[PDB]
Amino acid sequence: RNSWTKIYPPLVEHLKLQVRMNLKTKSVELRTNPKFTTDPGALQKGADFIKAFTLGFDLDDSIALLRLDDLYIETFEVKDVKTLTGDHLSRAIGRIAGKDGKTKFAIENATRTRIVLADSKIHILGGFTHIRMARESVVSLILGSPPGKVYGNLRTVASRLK
Amino acid sequence: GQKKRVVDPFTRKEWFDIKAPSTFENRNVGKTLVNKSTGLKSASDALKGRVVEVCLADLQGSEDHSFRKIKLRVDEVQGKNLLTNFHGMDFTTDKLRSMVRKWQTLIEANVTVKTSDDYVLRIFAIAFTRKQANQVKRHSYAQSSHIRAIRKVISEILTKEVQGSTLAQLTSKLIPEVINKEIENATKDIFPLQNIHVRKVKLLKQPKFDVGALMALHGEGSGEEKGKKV
Amino acid sequence: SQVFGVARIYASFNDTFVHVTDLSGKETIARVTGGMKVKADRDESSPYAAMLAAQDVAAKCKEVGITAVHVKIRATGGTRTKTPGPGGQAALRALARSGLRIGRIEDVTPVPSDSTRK
RNA sequence: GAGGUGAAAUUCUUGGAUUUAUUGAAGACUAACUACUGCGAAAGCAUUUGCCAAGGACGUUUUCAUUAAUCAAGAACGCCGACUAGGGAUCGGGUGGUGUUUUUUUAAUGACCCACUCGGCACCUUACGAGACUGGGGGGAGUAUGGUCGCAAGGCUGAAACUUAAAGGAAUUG
């Protein structure tokens, strides 16, 4: 509701398609108008745009998924590795978020991706090899490492980026 | 070693189309390939076991059945048409993942019921505990005896809705979601219960064929066709 | 007017599968995976490989006579990652870009429902 | 071609692997719902239905009448205390109120809101008190060492009793 006035002109004047918000099933439907909308993949790009926004990234990051179409959005769970009973799960999300977000923002600003993380399922959007870099740093940290060591490894991956 | 040389396998393929039973709206659902009708595996018995998974929105024209895919089993071939019968029903996974929220309970039940035909069906049910309007506590849990009583009346009234239906009558009963309204009306004496659904219907055994019953589900038909002109 | 197949895109890590079958799923039309288009043995999951595989999928589907596909996009599922790889969205985009109409995108990865871990 | 990896590889594969569809069998497991919630003496316990006994809290103008509390031995299973008040939320029971969901001459039976009250798992505070599978050297961070115990250098190898071959090393603008 609060970001709808910034979502749809990137779906009507920037892109070429039309929107409706069902309050029936509380969803967003996207039609492509037949007689003047170009760009035969624009329906798929705008659908994945609002998919990123409803999945949890901010709307400027989802616009970054709309423009520059080679940014995909990987997802995985905490529960796949080390099986994480709930106290250790709290350790896991607190360890990935750091203090005042600084570790997550470090993984953001270094490997050029942007992540968001729900209570047991995290999402990384960006370009695919940087997604793999961020995913391996995250899974090392969720297996449980000193954040100084993951800062050092992040300095090396930033040196790959430079 | 040496593998194989290709010979194009779409020259021996035959196109049939799938006519759905008349317990639905618009009944041409699509087409299907099969190998060409040769001796030693004719095509009309290379078919007859295939189930297709269609969307109830595509079968009913609306979009409030955008979930709830169904299965249609091919039974009788006549004249490049595959006449189907109902074979099951299933939600998409995103629907019940979109329904499950924490701070409530899901009461789910299932019963194995034999209809007025000799089809036996395992038919499921899900229901989620609502909170009333003016409720200020954030929980709205059921006290698990309310769960046992709700699950009891769910089992009783939906095994009353089966046995009192055939397959065609049950299918026409669960298209407009009205067994859910029966569960809601019968259960609001115990707990509020938002969005009760049936969610899944499985065939277990099927009686016999009865071509007459299938053709009465669809419509008639018999052919005297062309004659060779020599 | 459309003839509908189904897409059956299985996009794990390490590989992607673009495998159009008919409306039942019994008869296949051009299974081509990601690792058979270009193989460095590690670019099998890449969006370029998924775009190549979906592009010659759509070539053979236009050859046979299928105009549209219902998309069933799954991941490896099971007791594992449960979410598609980098090739799923690329294969879907290349299938739409290469002439085929898309309908009914749905996520049919096998959620394991009480699995066999420990 | 499929796994798989940071890349690879062992492995499977034209006697058709992987993918897809239908079906069967097996052994586990009980996803999301799932909580600073519940139950259990603890370890622990999550699908449905039934049976078997059990247990707790509450309600009680029921009954017995001191039958009680703590633990060495033995048996079964495997910032503190003797301390004041509170506050919000939640679980189980009870009482009262009087609105909405419920509903009716088939049985009884809900859900929510509010106040009170008993008992729990926690949390946030307050006020006031002497609260007197066994074996052990002696602080932290360093610094020096004409003592004792060790380990360690040389120097082209071959090659020493032999100024000794081949080959190698090193440095090398013959």
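**Digging into the side chain of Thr129(B)**
Residues and elements named next belong to chain B. Topologically, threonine 129 is positioned in the loop between β7 (120-128) and α4 (145-161). The buried category is assigned to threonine 129, whose relative accessible area is 1%. Within the structure, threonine 129 has its side chain in polar contact with the side chain of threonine 105 (distance 2.8 Å). Look past the residues within four positions of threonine 129 in its chain and what remains in contact with it is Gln104, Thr105, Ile107, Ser140, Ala142, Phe191, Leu193 and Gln194.

**Some points on the nonpolar core**
Core analysis: the biggest nonpolar cluster contains 49 residues, and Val54(B), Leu59(B), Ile70(B) and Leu72(B) have the highest contact counts within it. When residues in this core are grouped by element, the largest group, five residues, is from α4(B). What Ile70(B) contacts, discounting residues up to four positions off in sequence, is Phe24(B), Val52(B), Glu53(B), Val54(B), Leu56(B), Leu59(B), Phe86(B), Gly88(B) and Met89(B). Ranked by size, the runner-up nonpolar core spans 26 residues in total, among them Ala50(C), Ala54(C), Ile66(C) and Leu95(C).

**What to know about the interface of chain B and chain C**
Counting residues at the interface gives 20 residues for chain B and 14 residues for chain C. Where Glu63(B) meets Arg104(C), a salt bridge forms, and the shortest distance between an N and an O atom there is 2.8 Å. For the pair chain B and chain C, the number of links is five residue pairs in polar contact. Contributions of two or more residues to the side of chain B that touches chain C are made by β1 (13-19), β2 (28-35), β3 (51-55) and α2 (56-60) of chain B.

**Re the interface of chain C and chain A**
Every contact between the two is made by 14 residues of chain C and, on the other side, 17 residues of chain A. Around 1500 Å² of area is buried between chain C and chain A when both sides are counted, 52% of it from carbon and sulfur atoms. Among the residues chain C hides against chain A, the three largest losses belong to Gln89(C), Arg93(C) and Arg117(C). Together they make up 38% of the total. Seen at the junction of chain C and chain A, the total is zero salt bridges. Applying the counting rule to chain C against chain A returns three residue pairs in polar contact. A total of four residues in the side of chain C that touches chain A trace back to one element, the largest contributor, which is helix α2 (residues 87-97) of chain C. The residue inventory of the side of chain C that touches chain A, partitioned by class, reads five nonpolar, four polar and five charged.

The rules behind the values
- The scheme used for residues numbers each chain from 1 in its written sequence order. That scheme is not guaranteed to match the entry numbering, and residues without coordinates are omitted from view.
- For this description, chains carry letters from A and ligands carry numbers from 1, given in the order in which they are written.
- All reported values concern the displayed chains, which form part of a larger assembly.
- Excluded from the side-chain calculation are hydrogens and water; included are all heavy atoms of the structure.
- Labels follow the DSSP assignment, with helices taken as runs of H or I lasting at least four residues and strands as runs of E lasting at least two, numbered in each case from the N terminus.
- Any residue under 20% of the maximum accessible area for its type is buried, any over 50% is exposed, and the rest in between are partly exposed; the area is computed with a 1.4 Å probe on protein chains only.
- Throughout this description, a polar contact denotes any pair of N or O atoms lying within 3.5 Å of each other; where both atoms belong to protein, one of them has to be capable of donating a hydrogen while the other can accept it, and for residues adjacent in sequence the pair is counted only when both atoms sit in side chains.
- For this analysis, residues touch if any pair of their heavy atoms sits within 4.5 Å.
- Here the nonpolar core consists of buried residues drawn from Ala, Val, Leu, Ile, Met, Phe, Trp, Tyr and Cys, with membership extended through side-chain atoms lying within 4.5 Å.
- Any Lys or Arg side-chain nitrogen found within 4 Å of a carboxyl oxygen on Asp or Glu counts as a salt bridge.
- When two components associate, each loses some accessible surface as probed by a 1.4 Å sphere; the sum of these losses over both components is called the buried area.
- Three residue categories are used. Nonpolar comprises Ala, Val, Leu, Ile, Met, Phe, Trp, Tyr, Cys and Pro, charged comprises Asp, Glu, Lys and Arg, and polar comprises the others, including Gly.

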